[PDB]
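The file structure_38.pdb contains PDB, C-alpha atoms:
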```pdb
ATOM      1  CA  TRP A 415     -87.415  14.188 -68.025  1.00  0.00           C
ATOM      2  CA  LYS A 416     -86.909  17.475 -69.885  1.00  0.00           C
ATOM      3  CA  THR A 417     -86.140  18.929 -66.440  1.00  0.00           C
ATOM      4  CA  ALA A 418     -85.598  15.894 -64.178  1.00  0.00           C
ATOM      5  CA  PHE A 419     -82.262  14.682 -65.580  1.00  0.00           C
ATOM      6  CA  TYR A 420     -79.639  16.085 -67.930  1.00  0.00           C
ATOM      7  CA  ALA A 421     -76.960  14.630 -70.189  1.00  0.00           C
ATOM      8  CA  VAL A 422     -73.945  16.720 -71.187  1.00  0.00           C
ATOM      9  CA  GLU A 423     -72.042  15.765 -74.341  1.00  0.00           C
ATOM     10  CA  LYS A 424     -68.433  16.867 -74.840  1.00  0.00           C
ATOM     11  CA  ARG A 425     -66.668  14.698 -77.419  1.00  0.00           C
ATOM     12  CA  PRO A 426     -67.849  11.600 -79.318  1.00  0.00           C
ATOM     13  CA  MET A 427     -65.807   8.439 -79.680  1.00  0.00           C
ATOM     14  CA  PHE A 428     -62.445   8.880 -81.383  1.00  0.00           C
ATOM     15  CA  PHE A 429     -59.941   6.328 -82.660  1.00  0.00           C
ATOM     16  CA  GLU A 430     -56.324   6.620 -83.761  1.00  0.00           C
ATOM     17  CA  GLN A 431     -53.219   4.536 -84.330  1.00  0.00           C
ATOM     18  CA  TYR A 432     -50.669   4.788 -81.519  1.00  0.00           C
ATOM     19  CA  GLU A 433     -47.328   5.330 -83.236  1.00  0.00           C
ATOM     20  CA  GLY A 434     -44.642   3.965 -80.954  1.00  0.00           C
ATOM     21  CA  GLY A 435     -45.033   0.614 -79.246  1.00  0.00           C
ATOM     22  CA  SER A 436     -46.244  -0.649 -82.620  1.00  0.00           C
ATOM     23  CA  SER A 437     -43.263  -2.717 -83.825  1.00  0.00           C
ATOM     24  CA  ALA A 438     -44.729  -3.410 -87.302  1.00  0.00           C
ATOM     25  CA  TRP A 439     -46.582  -6.453 -86.003  1.00  0.00           C
ATOM     26  CA  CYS A 440     -48.352  -5.320 -82.813  1.00  0.00           C
ATOM     27  CA  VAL A 441     -50.357  -2.469 -84.282  1.00  0.00           C
ATOM     28  CA  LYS A 442     -51.751  -0.755 -81.191  1.00  0.00           C
ATOM     29  CA  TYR A 443     -54.924   1.292 -81.620  1.00  0.00           C
ATOM     30  CA  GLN A 444     -56.175   3.763 -79.025  1.00  0.00           C
ATOM     31  CA  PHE A 445     -59.635   5.247 -78.613  1.00  0.00           C
ATOM     32  CA  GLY A 446     -62.112   6.793 -76.192  1.00  0.00           C
ATOM     33  CA  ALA A 447     -64.860   9.302 -75.522  1.00  0.00           C
ATOM     34  CA  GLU A 448     -65.893  11.988 -73.025  1.00  0.00           C
ATOM     35  CA  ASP A 449     -69.353  12.984 -71.765  1.00  0.00           C
ATOM     36  CA  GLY A 450     -71.392  12.922 -68.575  1.00  0.00           C
ATOM     37  CA  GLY A 451     -74.696  13.577 -66.889  1.00  0.00           C
ATOM     38  CA  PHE A 452     -76.428  14.763 -63.748  1.00  0.00           C
ATOM     39  CA  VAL A 453     -79.850  15.216 -62.174  1.00  0.00           C
ATOM     40  CA  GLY A 454     -82.000  18.299 -61.871  1.00  0.00           C
ATOM     41  CA  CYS A 455     -84.128  18.667 -58.756  1.00  0.00           C
ATOM     42  CA  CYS A 456     -85.207  15.092 -58.091  1.00  0.00           C
ATOM     43  CA  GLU A 457     -88.775  16.127 -57.282  1.00  0.00           C
ATOM     44  CA  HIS A 458     -90.365  16.218 -60.751  1.00  0.00           C
ATOM     45  CA  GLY A 459     -90.726  12.462 -60.850  1.00  0.00           C
ATOM     46  CA  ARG A 460     -91.319   9.421 -58.664  1.00  0.00           C
ATOM     47  CA  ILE A 461     -90.668   5.680 -58.765  1.00  0.00           C
ATOM     48  CA  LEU A 462     -93.254   2.943 -58.261  1.00  0.00           C
ATOM     49  CA  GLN A 463     -91.766   0.113 -56.186  1.00  0.00           C
ATOM     50  CA  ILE A 464     -93.272  -2.861 -54.353  1.00  0.00           C
TER      51      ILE A 464
ATOM     52  CA  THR B 208      -2.674   5.009 -94.626  1.00  0.00           C
ATOM     53  CA  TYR B 209      -5.747   2.923 -95.429  1.00  0.00           C
ATOM     54  CA  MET B 210      -8.541   0.803 -93.955  1.00  0.00           C
ATOM     55  CA  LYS B 211      -9.671  -2.781 -94.499  1.00  0.00           C
ATOM     56  CA  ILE B 212     -12.795  -4.495 -93.167  1.00  0.00           C
ATOM     57  CA  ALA B 213     -11.818  -7.668 -91.323  1.00  0.00           C
ATOM     58  CA  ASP B 214     -15.248  -9.311 -91.008  1.00  0.00           C
ATOM     59  CA  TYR B 215     -18.815  -8.781 -89.813  1.00  0.00           C
ATOM     60  CA  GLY B 216     -20.891 -11.387 -87.995  1.00  0.00           C
ATOM     61  CA  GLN B 217     -24.547 -12.265 -88.356  1.00  0.00           C
ATOM     62  CA  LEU B 218     -27.172  -9.815 -87.117  1.00  0.00           C
ATOM     63  CA  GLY B 219     -30.399 -11.816 -86.869  1.00  0.00           C
ATOM     64  CA  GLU B 220     -31.975 -15.263 -87.078  1.00  0.00           C
ATOM     65  CA  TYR B 221     -35.351 -16.914 -87.638  1.00  0.00           C
ATOM     66  CA  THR B 222     -37.522 -15.204 -85.054  1.00  0.00           C
ATOM     67  CA  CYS B 223     -40.393 -17.568 -84.141  1.00  0.00           C
ATOM     68  CA  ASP B 224     -43.084 -15.710 -86.055  1.00  0.00           C
ATOM     69  CA  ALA B 225     -45.564 -15.615 -83.175  1.00  0.00           C
ATOM     70  CA  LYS B 226     -43.544 -12.796 -81.581  1.00  0.00           C
ATOM     71  CA  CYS B 227     -43.379  -9.016 -81.929  1.00  0.00           C
ATOM     72  CA  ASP B 228     -39.842  -7.872 -81.278  1.00  0.00           C
ATOM     73  CA  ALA B 229     -36.441  -8.409 -82.867  1.00  0.00           C
ATOM     74  CA  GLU B 230     -32.888  -9.140 -81.765  1.00  0.00           C
ATOM     75  CA  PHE B 231     -29.305  -7.951 -82.128  1.00  0.00           C
ATOM     76  CA  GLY B 232     -26.255  -9.470 -83.770  1.00  0.00           C
ATOM     77  CA  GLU B 233     -22.521  -8.993 -83.514  1.00  0.00           C
ATOM     78  CA  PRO B 234     -21.057  -6.518 -86.028  1.00  0.00           C
ATOM     79  CA  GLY B 235     -17.444  -6.525 -87.169  1.00  0.00           C
ATOM     80  CA  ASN B 236     -14.575  -4.047 -87.190  1.00  0.00           C
ATOM     81  CA  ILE B 237     -12.768  -1.731 -89.586  1.00  0.00           C
ATOM     82  CA  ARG B 238      -9.063  -1.984 -88.643  1.00  0.00           C
ATOM     83  CA  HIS B 239      -7.568   1.227 -89.990  1.00  0.00           C
ATOM     84  CA  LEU B 240      -3.869   0.703 -90.762  1.00  0.00           C
ATOM     85  CA  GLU B 241      -1.022   2.408 -92.636  1.00  0.00           C
ATOM     86  CA  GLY B 242       2.373   1.912 -94.262  1.00  0.00           C
ATOM     87  CA  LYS B 243       5.693   3.750 -94.500  1.00  0.00           C
ATOM     88  CA  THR B 244       8.256   4.219 -97.275  1.00  0.00           C
ATOM     89  CA  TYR B 245      11.978   3.433 -97.254  1.00  0.00           C
ATOM     90  CA  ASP B 246      14.884   5.036 -99.087  1.00  0.00           C
ATOM     91  CA  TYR B 247      18.275   4.248-100.541  1.00  0.00           C
ATOM     92  CA  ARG B 248      21.201   6.573-101.161  1.00  0.00           C
ATOM     93  CA  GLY B 249      24.800   6.203-102.266  1.00  0.00           C
ATOM     94  CA  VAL B 250      27.886   8.272-103.003  1.00  0.00           C
ATOM     95  CA  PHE B 251      31.325   7.934-104.540  1.00  0.00           C
ATOM     96  CA  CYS B 252      34.238  10.085-105.663  1.00  0.00           C
ATOM     97  CA  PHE B 253      36.719  10.023-108.545  1.00  0.00           C
ATOM     98  CA  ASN B 254      39.700  11.870-110.007  1.00  0.00           C
ATOM     99  CA  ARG B 255      39.625  14.380-112.867  1.00  0.00           C
ATOM    100  CA  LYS B 256      42.601  13.549-115.093  1.00  0.00           C
ATOM    101  CA  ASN B 257      42.210   9.816-114.450  1.00  0.00           C
ATOM    102  CA  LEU B 258      38.777  10.237-116.053  1.00  0.00           C
ATOM    103  CA  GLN B 259      40.539  11.669-119.128  1.00  0.00           C
TER     104      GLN B 259
END
```

Rewrite the structure of this file - the entire thing - as structure tokens.
Amino acid sequence: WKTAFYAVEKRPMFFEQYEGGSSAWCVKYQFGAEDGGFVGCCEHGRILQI
Amino acid sequence: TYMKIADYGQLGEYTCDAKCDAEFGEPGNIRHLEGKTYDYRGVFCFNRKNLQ
């Protein structure tokens, strides 16, 4: 797996209050994260199935 | 000239707490007015020796 697959990390989770829309009762929080992954050459590795 | 506030209506009520907006009321008016000034004048005439 050190060469079969790869995971790319860009930005961890982030959280912040969304000023606007919040009318002093409906406090609206917004969050999210960004990352991804992909495969190397899918030859270094196999899968045992029935 | 001058101004004088006539009135100003209500601008909100009890707002059914399970709710997250507000409302609008009816404001009043200002009614700028003014006032003039009047005059009075008079004349007369006499003699000279008759006043002696």

Problem set entry | Residue list for chain B near chain A as a PyMOL selection string, 12 Å, all atoms listed in the file | chain B and resi 224-229

Where does the PyMOL selection byres ((chain B and resi 241-250) around 7) land in this file, that is, which residues does it pick, as a compact mmCIF listing (two decimals) with C-alpha atoms, in the coordinates of the input?
```
# COMPACT_ATOMS: atom_id res chain seq x y z
CA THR B 208 -2.67 5.01 -94.63
CA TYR B 209 -5.75 2.92 -95.43
CA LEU B 240 -3.87 0.70 -90.76
CA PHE B 251 31.32 7.93 -104.54
```

Problem set entry | For region 450-458 of chain A: contacts at 10 Å, only C-alpha atoms, fewer than 5 positions along chain excluded, given as a list in words |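 Here the answer would be residues 415, 416, 417, 418, 419, 420, 421, 422, 423 and 424 of chain A.
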
For this session: Extract, using all atoms listed in the file, all DNA, RNA and protein residues at most 8 Å from region 233-235 of chain B, discarding same-chain residues fewer than 3 positions from it, and format them as number ranges by chain.
Result: B: 212-218

Region 454-464 of chain A: axis-aligned bounding box, 4 Å on each side, centre and edge lengths in Å, one decimal, as lines of an AutoDock Vina configuration file:
```
center_x = -87.6
center_y = 7.9
center_z = -58.1
size_x = 19.3
size_y = 29.5
size_z = 15.5
```

Problem set entry | Straight-line distance linking CA of residue 442 (chain A) with CA of residue 219 (chain B), stated in Å to one decimal | 24.7 Å

Exercise. Any idea what the distance is between CA of residue 434 (chain A) and CA of residue 231 (chain B)?
Worked result: 19.5 Å

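Take CA of residue 427 (chain A) and CA of residue 444 (chain A): the distance between them is 10.7 Å.
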
For this session: Please write as JSON, numbers by chain the full residue list that the PyMOL selection byres ((chain A and resi 431) around 6) yields on this file.
Result: {"A": [430, 432, 443]}

Exercise. Which protein, DNA or RNA residues are at most 8 Å from (-6.2, -3.2, -88.5) in the file's coordinates when you count all atoms listed in the file, listed as number ranges by chain?
Worked result: B: 210-211, 213, 237-240
